[PDB]
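Every number here is computed from the coordinates shown, using simple stated rules; none is lab data. Ideal geometry is used to build each Cβ from the backbone, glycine not excepted, and the neighbour counts take in all protein chains shown.
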Amino acid sequence: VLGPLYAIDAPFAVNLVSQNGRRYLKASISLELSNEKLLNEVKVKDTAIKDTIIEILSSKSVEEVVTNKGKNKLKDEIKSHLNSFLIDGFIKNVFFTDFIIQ
């Protein structure tokens with residue numbers, strides 16, 4: 001049973017560290033929620049959720065995000081940082097519905 005699904009409206013577009021210059025990530029995120037009432041909370045805290053994600057994504061180098069293992073660690077770090085200020089429920093999963101490195 002897939003929990004309620006929440007799509008963050010806007011894509012994230014950030015710098016990543018690379019050997020030579022910077023590289024660029026475009027990521028869209030959806031969250032799987034533990035319950036329906038967590039849906040109001042993620043909408044109300046939209047700004048805090050985006051700023052948390054931007055700060056996590058913008059800390060990464062390319063070589064940290066080119067494997068399933070690096071991406072899964074990123075998803076786990078997003079999930080624990082968000083779950084730390086959500087009180088009406090918790091995020092079950094983070095989904096990268098788009099993940100494009102340039």
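Two-decimal Rg/Rh of the chain from alpha-carbon positions, Kirkwood Rh?
Numbers: Rg = 13.7 Å, Rh = 14.0 Å.
That ratio is 0.98, to two decimals.
Need one number: nm distance between label points at residue 66 and residue 80, each 7 Å from Cα along Cα→Cβ, rounded to one decimal.
Placing both labels 7 Å beyond Cα along the Cβ direction yields 2.6 nm.
Using 19 Å as the cut-off for backbone N distance, which residues of the range 23-43 belong to the label zone defined by a point 7 Å from the Cα of residue 87 along Cα→Cβ?
34-43
Once you've got the Cα coordinates, tell me which of 45/79; 71/92; 37/79; 43/69 are over 24 Å apart.
Details: 45/79 15 Å; 71/92 16 Å; 37/79 18 Å; 43/69 29 Å.
Listed pairs above 24 Å: 43/69.
Between the range 29-99 and the range 1-26, how many Å separate their Cα centres?
Centre-to-centre (Cα) distance: 10 Å.
Calculate the FRET efficiency for residue 13 and residue 40 from the Cβ-Cβ distance with a Förster distance of 30 Å, rounded to the nearest 0.05. Display every interim value, and only then the final one.
Working: r = 27 Å, r/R0 = 0.91.
The formula returns an efficiency of 0.65 here.
Taking a cut-off of 19 Å between Cα atoms, list the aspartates and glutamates near residue 60, but don't count ones fewer than 8 places away on the same chain.
Candidates past the 8-residue exclusion: 51, 76, 77, 98.
Which angle between 0 and 90 degrees, to the nearest 10, do you get for helix 68-83 versus the longest principal axis of the chain when only C-alpha atoms count?
Helix 68-83 sits roughly 40 degrees off the main axis of the chain.
Return the calculated 222 nm mean residue ellipticity for the chain, to the nearest 500 deg cm²/dmol, obtained by summing -39500 (n - 2.57) across DSSP H runs with n ≥ 4 and dividing by the residue count.
On the way: 3 runs with 35 residues, N = 102.
Per the formula, -10500 deg cm²/dmol.
Hey, if you put +1 on the Cβ of every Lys and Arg and -1 on every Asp and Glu Cβ in the chain, which of 24, 94, 56 ends up farthest toward the positive end of that dipole?
My answer, from the dipole projection, is 24.
In degrees, nearest 10, range 0 to 90: what is the angle between the Cα axis of helix 46-57 and the longest Cα principal axis of the chain?
Orientation of helix 46-57: about 30 degrees from the principal axis.
Could you check the spin-label model distance between residue 73 and residue 32? Points 7 Å from the Cα along Cα→Cβ, value in nm.
2.3
Apply the Karplus curve 6.51 cos²θ - 1.76 cosθ + 1.60, θ = phi - 60°, to the phi angles in the range 87-95 and return the couplings in whole Hz, x for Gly and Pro.
Per residue, the Karplus-derived 3J(HN,Hα) values read 10, 8, x, 8, 7, 7, 9, 9, 10 Hz.
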